[PDB]
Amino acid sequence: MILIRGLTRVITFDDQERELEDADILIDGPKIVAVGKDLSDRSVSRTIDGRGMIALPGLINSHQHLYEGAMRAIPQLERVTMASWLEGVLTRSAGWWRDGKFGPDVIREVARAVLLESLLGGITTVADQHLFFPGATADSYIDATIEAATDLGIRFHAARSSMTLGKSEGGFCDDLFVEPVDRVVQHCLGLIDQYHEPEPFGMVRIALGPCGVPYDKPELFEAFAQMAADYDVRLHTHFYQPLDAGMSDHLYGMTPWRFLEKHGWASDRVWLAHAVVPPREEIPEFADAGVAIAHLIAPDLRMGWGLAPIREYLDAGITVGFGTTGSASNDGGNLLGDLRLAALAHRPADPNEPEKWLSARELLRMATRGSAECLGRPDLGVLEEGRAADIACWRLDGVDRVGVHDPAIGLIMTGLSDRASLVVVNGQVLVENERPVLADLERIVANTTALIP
């Protein structure tokens, strides 16, 4: 057993929203056994000094595109709207791949770096949505991301993605990226069989993740609806990015939500990325259907899209999680940092009603329990007996946090660095003193850097 002793603040996000001061967390294998003051060290083989730290459930990034780690801070993509951006990303990746510079082996190392960054940022679970499958067969890109994740020990969901609707029939994408629906479906069956760990504390899970309504055939959505029910896995896609509604109207004469409903995706198996601009009238429908939403403040701002109606979602009882999206539209994997963006950027939308603004605790909740609920993980996102020992802690005693009165608010509103001090995943200590304990930081940086096209 591992005991973390004397934590300055513990934020549980349990059913009573308990917080604790000068308290401990006891860990046994993959699970938390207790959270409380003065815990017994009866069967403890390692005690860790938590004094001066705040502990949270591990952050859960409910929407990544790991392969975009290779596409950060490209000058031509700095100030572009969505259409120019998407063309630029697809063209570059197709180009690099054609030149033998962007195969699964490269993606493995890009994923390794972004996932290691994730750990160092206090993120203990990542859900990646990979759609890049050039060629006549589905290559081992997902396997590569899973290999990277398992090597590091980070908890991992892979939402296999695609672009199955070609520009020829209304899609905004070139037929290079277009796979036949059956190829995608066949591949997903194999991935579930090979990799999916459905048991509590499972470390790898597969989800089914079409790129979206403007990008994938209705047939794929329906196939995935059937597959998700048959294999009890979850469903993920992009949702109400601006312009989606125009494309859905043109192709189908219905809204993106009506499309999802029609093809089996109005269900509690589903989590939806962005949800920036839904018709206000559909929000109660999202609630009744039990879909979950991941707030992605950084890309929404970066693309000029604006502010998703998160307060409205919370008012409606809709599950809200948080994510970063890929590093071509962020351009980092810093989830904690993005929370500050949301905390501040939402405010000018309601200048005279501060009670509507998202709070630090609401945001931290989204990034832990909310994201856990998005991923369908009742075993994560909460520091309590019986849940997974996924824990992230930050030091409170730096010169840049002097004068902080509330440590949880302080974690979002102050600081020069979002680097976690101590990070535990599945009961395994992976970060200590802001450094990886098992991963070779310098070698990983060197190896991945050598592979960036």
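Residue indices: 1-based, along the sequence shown.
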As stated in the PDB record, which stretch has the larger average Cα B-factor, 363 to 371 or 75 to 83? 75 to 83
Of 90 to 98 and 270 to 278, the stretch with the higher mean C-alpha B-factor in the deposited entry is 90 to 98
Residue of maximum C-alpha B factor among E312, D300, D151, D174, per deposited coordinates: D174
If I read the C-alpha B-factors straight from the PDB entry, which of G69, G29, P57, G410 is highest? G29
Of the three thirds of its chain by CA temperature factor, lowest, middle or highest, which one includes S248? highest
Position of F322 among the chain's modelled residues by C-alpha B-factor, lowest, middle or highest third: lowest
With respect to C-alpha B-factor, does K262 fall in the lowest, middle or highest third of the chain as deposited? middle
Is the Cα B-factor recorded for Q226 in the lowest, middle or highest third of its chain? middle
Using the temperature factors of the C-alpha atoms in this entry, rank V404 within its chain: lowest, middle or highest third. middle
